[PDB]
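Novice: Task: produce atomic coordinates for the following.
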Amino acid sequence: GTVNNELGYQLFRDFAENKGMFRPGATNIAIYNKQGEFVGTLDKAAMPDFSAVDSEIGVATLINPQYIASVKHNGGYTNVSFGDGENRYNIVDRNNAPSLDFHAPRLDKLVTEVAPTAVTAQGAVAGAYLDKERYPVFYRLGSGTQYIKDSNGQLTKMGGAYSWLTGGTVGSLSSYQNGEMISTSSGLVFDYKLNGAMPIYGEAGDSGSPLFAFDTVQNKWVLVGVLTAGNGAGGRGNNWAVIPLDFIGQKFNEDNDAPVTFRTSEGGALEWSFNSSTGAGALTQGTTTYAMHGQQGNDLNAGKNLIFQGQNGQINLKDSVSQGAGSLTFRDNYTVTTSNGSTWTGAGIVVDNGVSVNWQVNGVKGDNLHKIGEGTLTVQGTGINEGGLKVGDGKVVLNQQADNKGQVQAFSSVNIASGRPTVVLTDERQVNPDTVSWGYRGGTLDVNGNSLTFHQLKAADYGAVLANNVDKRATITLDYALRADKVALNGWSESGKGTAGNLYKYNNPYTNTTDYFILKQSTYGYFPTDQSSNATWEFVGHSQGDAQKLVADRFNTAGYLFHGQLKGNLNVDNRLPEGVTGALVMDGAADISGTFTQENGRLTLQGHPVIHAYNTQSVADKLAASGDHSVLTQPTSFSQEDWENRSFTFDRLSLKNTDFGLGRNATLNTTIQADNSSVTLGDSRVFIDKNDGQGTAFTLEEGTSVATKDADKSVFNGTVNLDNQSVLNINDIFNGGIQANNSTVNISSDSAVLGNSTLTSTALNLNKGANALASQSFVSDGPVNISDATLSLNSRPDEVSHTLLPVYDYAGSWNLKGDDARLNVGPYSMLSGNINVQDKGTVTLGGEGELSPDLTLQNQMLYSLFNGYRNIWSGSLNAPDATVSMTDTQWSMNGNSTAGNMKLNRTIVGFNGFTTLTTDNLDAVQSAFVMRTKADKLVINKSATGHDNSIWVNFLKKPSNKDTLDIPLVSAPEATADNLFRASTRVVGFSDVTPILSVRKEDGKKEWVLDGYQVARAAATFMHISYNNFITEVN
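Specialist: Residues are numbered from 1 along each chain as shown. Next comes the structure:
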């Protein structure tokens, strides 16, 4: 087809493939020039689903599960595919209209992957499609000869017919030939007001291609016709044959035998006989007999359809039936059996809505049963069925049972497609799990309480569901790794053809050795004869065991991909062999009630990049040569901006010796139990599938993609348990408690909230730019390293809460580095551990906030232990260039301490464990120092401001009169106000005495020296000075 060259060519590719922003349901899609300029919007209807259109060349459209519509002068094609193309349906009768260029071929089998499209409700009605009230919009798509066309009308050919699909808009259409045909000037590909926002013109190869319209009467999309002709390359317009309603009706009818009715009152069964050499069969209940026609010789078309009604139907097959292209439809409940071993094959079975059929007849090796219809098919044959199943709708219950030899198998394979159906396993013997596959849009395998092992999960896309919908827990065992002792030993062939990577065993007659070679190429000559290597043969030793291990190890670096979903009442096990380095990659979703267990190897959970249409490199080159660089070469990439968000929920994620990653556009809700594993939340290492959208085959590629926009960042909710050398890296939106032993946690996130947390031999590291709130208790026995980052305890400094709880905050040390490092300790925190600050960082204790009104009794007892203070801290301080600020605090200073800038307010400082505090600048208001007695000492050397601070003295030895106390308790710049400090008025120790101070301006420094005492008329230790005793002594 031909499109103008103002529009990015990728637009038409995504349109036609319902990909990118042209997914079904997409509404008001505004479309823009290559010059960034608005051209029109796709706004009359939401985007239709083109799934009924043949997948590959778009010449045929499904209009009944067994019928396509096209053009009769399409005499060539015999096969059609749907969805992702991973299927095949053969024409069995071209159903040529006699005087219209139209046909409606009958297929060999019922289509499972897609639903048919509605066709136009009015047929060949003259002028109907000119009415823009009924039909405000027309769309098409096809794979005809592909040009772009400039104004000036110059065509560049970009590709021949049948190579890729293009779609777009076409304007309203007038009728001729008695309404039987329709046309419009679609060739005017620049005229947006006439042909809509993405005009497209049918070229050679676009014959048969569908024309769709939004019918506003039915409020749905409808197929109006199929393309018959145009006015040559770059011509003015196209014609379409309108769908002949009467003809189509005829074609469906002519294939149905007269309906069969079971008579309940009679009992018995409809006894089904069939002459395979004649194709004539009969169904007889009592005195009545119904004709049946099946295949004759290799002629599938001679087979006709049966429709069954009548409650409690019974059918019994007396001969094996080959129905050819005949289908079976059940309008009522039925049971189908044989007493004979007779089998059945045909187009398929349709089980109507509300209907249940119990099907006890086997099929045939090399044939697949197709099952559609919203109703239920229970499969309940005897012994081994060698035929397969394809299911595209309703429910299939697999209840095959053993023969007298103990042999059983429902199907040699099961494909689940369209997104409509569910297959239910009654037990573990129905089907080999590796023979189940999910095709286009998938559907549900419900394992129904049965634990299963898969060596592969052949799942095309996100619609692939593996589920357990019953309250008996089942375990999915995943076992995709290659083991050494399963490595085939291949034999050299004169064919000289093999698979790269395969291992060969050579019994070498020249050196009388056994040589093991890995094939490096798809063709080969003679093995080397001297244990050398070359471009075709890699020599890998004389040890079978070592050679196989190498092959297994290399294989297992690749990893595994699952695009689908895990649902319901499941555990999932992925216990890899030691030495697997590759990742299980999940870009689908999980919601399971049990545990996901990984061991060794890698596991990555991530979002999924939106799938786009693509083309070969040559055609991308062809379009770029014309200056258009929009054409993709790959369905998905790391750098694209449109990702689908994926959610992963498990009761528990058990990790052991594994490298776990949560990537962008994913949420993980679970409790993690990591043992010797790294866990990275916000893992920039993610994966694409180079064959995404093309069927079950995948090719995994690792790359980098970092979420920068907030809507793209991964989220984690729950608990992480770390043990035995684990590492946790928090780089995303984290909400969870951490229970850790012998591990490490690193945080680079600016949005981490940690709940209740206990750390044992585990370092906590906040790195540059990190910002975290410990919202509950935090108890570590190791370091907390804050490095150009912020940690708030209980509350963030700029937010006031009235629902606070008293918490514990314990670390061995709290260590800040960098001028941007902040430690904020909110009110109602019992702090413990030393604080070290390197550079001009800041530490604040206290803040605005109030305790919740609803405290438990145990929360009330912990409130009491605050002794009226808002914060209590035990620790030494080392912060010579740091500003440290405290309010309403009791600081137990357990050794010598330093600060650059210190600000106190209504805090009391107790000297603890002959200790010393020294600061350059101290601003102290209504604060107190409890010094002991040589004595404890406070030294300020630069500035000392504030007011109303008291000095308590714990006289450790109780003193006597007349004789000698001359001990400086405080030392400060000479110009410090005398009244900055004053003796306390109350006793601390066991002395019953009270300090007396002189302010001696003893050279260089002003000092405050204890030169005596005073007598008494309670308060054993600094720690026993309540806030009330303390604040009132201030006065």
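Novice: ok, how many other residues are close to residue 27?
Specialist: Neighbourhood size, residue 27 [other Cβ atoms under 10 Å]: 11. For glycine as for every other residue, the C-beta is placed from the backbone atoms N, C-alpha and C.
Novice: Where do the helices of the chain begin and end?
Specialist: In the chain, the helices defined using DSSP state H lie at 10-16, 192-195, 245-253, 544-555, 617-625, 857-865, 1027-1034.
Novice: Give the buried residues for the fifth one.
Specialist: Of the residues in helix 617-625, those with enough neighbours to count as buried (16 or more other Cβ atoms under 10 Å) are 619-620, 622-623.
Novice: residues in contact with it?
Specialist: 9, 148, 158-159, 163-164, 629-633 (Cβ atoms under 8 Å, 6 or more residues apart in numbering).
Novice: Please repeat the previous calculation with a cut-off of 10 Å.
Specialist: Residues from elsewhere that reach helix 617-625, judged by Cβ atoms under 10 Å, 6 or more residues apart in numbering: 5, 8-10, 146, 148, 156-159, 163-164, 614-616, 628-634.
Novice: The longest one too?
Specialist: With Cβ under 10 Å, 6+ apart as the test, helix 544-555 has contacts from 481-489, 501-505, 514-518, 538-541, 543, 577, 579-582.
Novice: Whichever of the residues you listed end up buried, select them in ChimeraX.
Specialist: For the buried members of the contacts of helix 544-555, the matching ChimeraX selection, counting by 16+ other Cβ under 10 Å, is:
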select :481,482,484,487,503,504,505,515,516,517,518,538,539,540,577,580,582
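Novice: mind listing which of the contacts of helix 544-555 are in strands?
Specialist: Judged by DSSP state E, the contacts of helix 544-555 include 489, 503-505, 514-518, 538-539 as members of strands.
Novice: Tabulate the residues you listed (CSV), appending distance to residue 682.
Specialist: Below are those laid out as CSV (distance: Cβ to Cβ, whole Å):
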residue, distance to residue 682
489, 45
503, 40
504, 45
505, 47
514, 50
515, 49
516, 44
517, 44
518, 39
538, 40
539, 44
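Novice: so which of these comes closest to residue 392?
Specialist: Ranked by distance to residue 392 (Cβ to Cβ), the ones in strands among the contacts of helix 544-555 are led by residue 503 at 40.5 Å.
Novice: In this structure the closest one contacts residue 486, no?
Specialist: No - the criterion here is Cβ atoms under 10 Å, and residue 503 misses it with residue 486 at 11.2 Å.
Novice: what is residue 225 paired to in the beta sheet?
Specialist: Counting by DSSP bridges, residue 225 is bridged to residue 211, residue 242.
Novice: Okay, residue 580 and residue 674: tell me how far apart.
Specialist: Separation of residue 580 from residue 674 (Cβ to Cβ, to the nearest Å): 18 Å.
Novice: Residue 31 too?
Specialist: Taken as Cβ to Cβ, the span from residue 31 to residue 674 is 49 Å.
Novice: Next: residue 588.
Specialist: The value you get for residue 588 to residue 674, if Cβ to Cβ is used, is 23 Å.
Novice: cool, residue 480 as well?
Specialist: Distance check for residue 480 against residue 674: by Cβ to Cβ, it reads 22 Å.
Novice: which one of those two has more residues nearby?
Specialist: Neighbours per residue, other Cβ under 10 Å: of residue 480 and residue 674, the larger number sits with residue 674, 26 against 20.
Novice: mind checking how far the more buried one is from residue 596?
Specialist: Relative to residue 596, and taking Cβ to Cβ, residue 674 is found at 12 Å.
Novice: Quickly list what's touching both of the two.
Specialist: 653-655.
Novice: how about these in a markdown table, adding distance to residue 662?
Specialist: As requested, the shared contacts of residue 674 and residue 596 are exported to a markdown table (distance: Cβ to Cβ, whole Å):
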| residue | distance to residue 662 |
| --- | --- |
| 653 | 10 |
| 654 | 15 |
| 655 | 12 |
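Novice: Perfect, I'm done here.
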